[PDB]
Every structure is written in C-alpha cells, then in structure tokens.
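Just the one chain here, laid out as structure tokens, in the form deposited in one PDB entry.
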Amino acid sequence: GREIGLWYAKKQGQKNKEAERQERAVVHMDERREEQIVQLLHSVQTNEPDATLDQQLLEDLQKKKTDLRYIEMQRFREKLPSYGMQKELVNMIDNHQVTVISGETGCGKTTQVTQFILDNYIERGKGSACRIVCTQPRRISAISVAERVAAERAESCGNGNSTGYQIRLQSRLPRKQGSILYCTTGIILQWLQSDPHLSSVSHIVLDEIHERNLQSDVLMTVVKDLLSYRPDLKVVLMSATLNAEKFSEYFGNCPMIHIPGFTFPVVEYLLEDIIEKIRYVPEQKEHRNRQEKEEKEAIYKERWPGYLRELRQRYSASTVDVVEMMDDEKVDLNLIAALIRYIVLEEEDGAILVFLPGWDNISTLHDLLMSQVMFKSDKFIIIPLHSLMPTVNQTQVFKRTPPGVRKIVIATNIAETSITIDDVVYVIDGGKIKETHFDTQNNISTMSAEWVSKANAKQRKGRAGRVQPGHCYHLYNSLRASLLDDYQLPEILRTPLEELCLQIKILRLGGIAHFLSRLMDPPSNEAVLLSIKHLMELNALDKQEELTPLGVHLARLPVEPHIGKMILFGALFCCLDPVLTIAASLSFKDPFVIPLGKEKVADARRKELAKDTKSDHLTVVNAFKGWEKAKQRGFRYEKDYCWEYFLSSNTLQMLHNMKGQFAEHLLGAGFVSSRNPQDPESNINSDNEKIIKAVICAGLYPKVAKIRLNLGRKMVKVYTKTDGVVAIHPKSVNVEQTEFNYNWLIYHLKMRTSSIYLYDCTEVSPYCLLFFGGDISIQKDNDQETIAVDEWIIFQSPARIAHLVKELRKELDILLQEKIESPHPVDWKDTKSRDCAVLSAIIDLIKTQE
C-alpha cells in the first residue's frame, strides 16, 4: 500500500538531501589575490493678473468667433449634452471650491468643462488669471483629449496656444496664463516636490476618478489636505455616475452635478437569453481567497436552487439544462462560437467584439473560429486584440469594412478602455477579467480570473451602441449579474506601497502612516508596516522613518526602490548602459511581442537572443543592442529586425527615452559626470556580463532562488526561501535549460497564477551574493568549511579566505555608504578605489565555473 511508497519516498528524499551537501560551489581565490587583499586590508584599515493680456485674450476671442472652422466646430459641439449645462456648470464651479461632475458615455465632460471655465473667465475680462490643469489616467487619453480640445478651439496643440498637454518625456506646453494643460496624474505629483502649493494653478480637474488608480488617489488626498492652504484654488472631480456620491462625501459633501449621456439604445441579453435564442446544444458530454469572496460565493449557493425554478416557467427546458451543466472558473468558448455563427448567419451587418480574460482563451477561440470552413474565407476578418501582440493588428482594427464582410475582434480589457473601435455593433462579454491581489502575509502577488465588475460590465455594454443601435450579450446568468461587485478593488489595496511610501516621504507630507490613513479606502496596517520594514531593510529609511541619503535618491528616481538601487550601483560601477536598459525593461514592459499562432517561434527566437548568458535580463540588452545596430543600416533593416525577433519598436523607443531620463537624473544628483548613457567614462565595465550580473544582484538581492539539478531526463527544480518550490515561466529563456554553471537565480517578478512562477530569471555567481547580499557568516558543518550569506546561501571556502571576504565586504559597505552620502565619480588612480577595484577584479577573473 501507501506504506511502501512512503518508505521509498523518504529514503529518496534523504538521498537527494544528502546530495545537497555535495554540490555547493567552491569559493576560491589564488594565493596572489589573497596576498593583495591582505595588503589592501592592512593599509586601508589604518501668472499674476496682467490686464493687457486679458484684454488681448478677449479681443482674440471676439475676433476669432467669426472664423469658419470655429463655427463648424461649435455646430458639432452643440450636439453634446454638456453644452446644455454650461451656465449651470460654470456657476456651480465658481460658487464652490470643490464640485463633483458625473457623466455617462458621450457626455463629453472631459473636453467641455475645462473649455467652459476658460471661455467664461476670458470673456469676463479676467482671462489672465486662469490656469486649468486636467489630469488623465492614460498618456494616449491625455494626448487625444488635448488635440480634440485644440481642434474644437481652432488652434494647434501647445505651441503657445491655449490648450496643451504634458506626459512623460513628451510635452507641448500651452500659454503661461489662460491655458488648459492635459497632463497625466503623475506629472502633478512631481510638481509638488518643488511647488507643494501649486501656486500658479487656479483650477485643477481630476478626470476618470471612478476607476481608482494609485496616482489619482494620492493626488486627491494631497488636494484635499492642501485646500486649507489655498483658499482660491478650485477643484473639479469627474466620475461615471456610479458611486459618484462617495467622492462628494470624501470632500465634505461638496455639490454634485450630473450630465446625461447620449448613447444609442443597446439591447442586453444574458446567458439564458442566448441559449434560448441560438438553440445551443453542448457538444462535449464529459461534464464530470477570503473575505467578501466567501459571501458572494455563498449567497450564490444559498439561492442557487431558488433562482433555478424561475427559469422552468418562462423559458424552455433545454435552457435550464444548459444553465445547470454550465460551470464557472472557465469561459465556454463553444457557446461563443455558436453565438458568433448565429450572428453571422441571421443578424444584420456589424462588427463583433468579444471580451476574454486571457491570451489562452483568445488563442483557443481563434483556433475554434478558423477551424470551421466558413471563417477561413475572405468574407470574415478575425483580429485578436492583446497588449502583447504586434501593433500591426492594432492599426488594422479601426479600418471600416465592406458591408458584405464581417469583422470579429477577440480582445482582453484593452479594447474596453484603451482601444476605441467606434464601429462595433455586437458585443459578447465573457464575464471574466484577470485581477491581481498582493498577499501581504506571503509577500506574493497573485493573478486569477475573477468575475467582471458592474462598472466594467457597464463600460463593455457602452462600448457598443456608439454609431448605431447595438447588442450586448453577457455570458453570466441573472443571478450572477445581480450578485456582482459594484466596482473593482482599487490598486491601493492590491499593490505594494514601497514606491508610494518613498514618494510620501519626498513630498514632506508628514508621517507615512498618517497620510496613508487619510486616504479614502485606506490600506491595511499590515501592508504599511511591511512596506516600512522593507524600506528600512533596504536602508532607504533610518530607524525614525526619515529619508536616508540613499532614500533621497531612491525617492527622486521614477522607478521602484530596488530598480533605483540597481541604477545607482550601475552608475557607481561604471556599467551604466546595460543597467539602464535592464532597469527600463523592468519598470515598463519587455520589447518582445508575440503574434497569434507563431508563439513557439517567438520562444525560439528569444532563446537565440539570450546566447549563453542564461539570463532573461541580458537578452533584453542583446535585443536593444541589435535594435540600435539596425538603425545605422536604415529603416528597412529596423523593420526587418523587429519583425524577425518579434520586437516592439515603440517599446524600444520608450525604453531609450527612459534611459536618457535616468542618465539626466544621475547627472543632476552628481553620480556621473555626463548626460549621455553611452559616455565611455561611465561605461568602463559595460562589456563585462559578470559585472552587470553583480549589479543586478546588488539591486534586487532578497529575490534569490536555488536550483537543484536532479536526475530521472535531467529536470531542474527551483526553490525559494519563502515561497517554497516555484517554477520558471515558459516565457523565460531558462525554462528548458539544464547546463547551469551556478545554482542560484536572481529574479524581479514573481507571481502566482496557478503555480508560483518566476517570469524573469538570471543565473548569478557566488561572489555577487557575497559582496552584494546579506550578512556573512563563517561556520563549519561537520567536515566542510563554509561561508554563508543570509544563513541559507552557503558556499564552500577555507576559514582564511572566508574571513578575508567578510572583512572586504564590510569595507565595501562602508565605502558604498560614503559614496552614496557624497556622490562623486570614482577616479581609478590608486587613491581609495582599490576597494572597488579588487572586487571588480575578483568578479571578473576569479570565478570560472563550478
């Protein structure tokens, strides 16, 4: 029975356990290096209100009222519902400090309210004292709104005109006074560093606050606690008419206004309606978290019988049978295929937009669709929409189609907010959306496919019915629809707060706990304590929650604190360019994209790009180097390279701009003596992959994994100190790699979807962990003489070598604190750079293999 198997398994595990203490690396330096270290240790140890401007603005407004383009634009704008409330909106804003505006889809509140305020100020003779700033949650949204408003005003965007925008690394600044600026929310937070009061800003508008991102909440709290200091500033908040009362309550019951929307009628169908209408018969016959989740999940199964008999009277028996056999935790793509076939058979012309949770669902639905004979012809176009697919499909989705053909788009929630087709008539909404929750207890981030929210369902329904009446099919029964969450949980309760805590400390917003508690929907105390503990362990904050000199640079850097530490270390060790590229990739996406079908080829090309570095961080460096090399040969070679390795040119350009920004910040802080990341003086060690790996280890140290090379096949098992047994994601370049020189990996992203996965990994060498890791100890197990880092990263070494390494590590810690405290480029002429030079030499030369 199980006894024999358990007895065999215990012995096998013991044999594997006994084999662990036979496979440790042998940290070993030669006699000459040890003598040099001994000598070095022994030696070293011993605005305003201008009237003429307002007059000119009024004269321009009067003279330009007769322009033909402006007349046409106002004829277009007249159709907007928000024009009917212009007098009410202006009076409400002018008579109260804070107002809340609720508008449905098509109300145009984004492009009209700011124009209303600016024009009203201009024609009253005080147009030189208006400075309106409207915040947007997306860069493309800000750009589009800015250009739309500028066109409505018959003026060019920016260029000294009234309207403009400013996003990261792109800005078209408008006039100093009497202007509208459509920036992202993150721009305003950067303003508070040097202008805490926003003295030049008279009106500030917070847009799309119904969806609760971190930056919007932080800015809202800052504005709330700043109003007492500025009695003349006016605040406008825009919501989506759902739970718009809570924002008014948060601001002391400020007046609230509502703009009716203007959308074509949309017919809504549920699962039972689809089953009854399309007569869907299942083909396969093989049908055989905490807190709020438990409740909803429970009431569902406390009424499940009671709800069911209500379908046995109005509807048919087949519908009830199919509903009964229906199962959650998945999206029935057979039902989607049957519904699509029904629509293409006897429904009128119109694009179909299907909302799916993940990429696997998109792939299997696309395969199911094109497996049939009818969809493989030229009378149907199927476009999958996903942020990881090449832009050639994003630019091919807006084009109108001939009336004979039909366009079917299978999309994630990107098409719900970012992509606006403005052509879809039929919408099929699988009620699944992927959400991420941060488990502070296990310090882990988890993804799962949860039921879509009420606001998300309303937005999906409103996606159709833009240019003509449309249909919305919902893949969940009425009981699920009525038992659905009103809003998605804000990311303030779903993300780590380390960067947020550093930003709070850099804005002089008082204590971290106090400011976080003053937030609406405040985070739990456990998350705040964990963030502060991580920051103090990182040595970014001292004991008394104050900004350590390293913490100042970390906070002023627009990245995560670990990424900022990596950037500082790269600037200090003169490997600036690869470290900056890796940091940009870690902060904002990887340049690799994947097209549908050709997915294995993508992984083959990715492994080709990684050469033999056994790391997915250096493959990004290789891809960036190849992309830069292709430019010097021409644009055609650039396109060919991006099409060969499945890269994203836009992402690569963005990464280049982020690298330039980091270099500019480092020059400002004084770490480097140049602004170009490619300056050789700051890129002495840029060609050494070992130094780059050491700097990566220095940046994200505590994220370390252990490899145990077993034998049957020669599989690899990866262990983590806190997460237990984990796995390497198939997207990684080390998922099928077995020739590992060292048994330690470094990772940045670790997420739990079905099993704990390390999305990016990098094989790292013992001296990197020795000189850039935790505490060092020198013990002796039985016979073996060992040196260990953090009591679990153990290496083999004699006592003398280990003690010299420990003393060298202490000396480098002191030197690093000195260098960070008073930044200055390191001069490599035998003065005090010997401490860093010897570790560079050790990492370069001493380590060869295991």
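For the two forms, the rigid core is made up of the largest set of C-alpha atoms that agree within 1.5 Å on superposition. Residue numbers run from 1 along the displayed sequence.
- For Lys750, the fraction of other compared entries lacking coordinates, among those that model flanking residues, is zero, nowhere near a third.
- Coordinates for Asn289 are absent from at least a third of the other compared entries of this protein that model residues on both sides of it.
- Unmodelled deposited residues between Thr46 and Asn47: 10 or more, per the record.
The same protein has a further form, the form deposited in another entry, not shown here; the description that follows concerns it.
- Core-superposed comparison between this form and the one not shown: the CA of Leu845 stays below a 2 Å shift.
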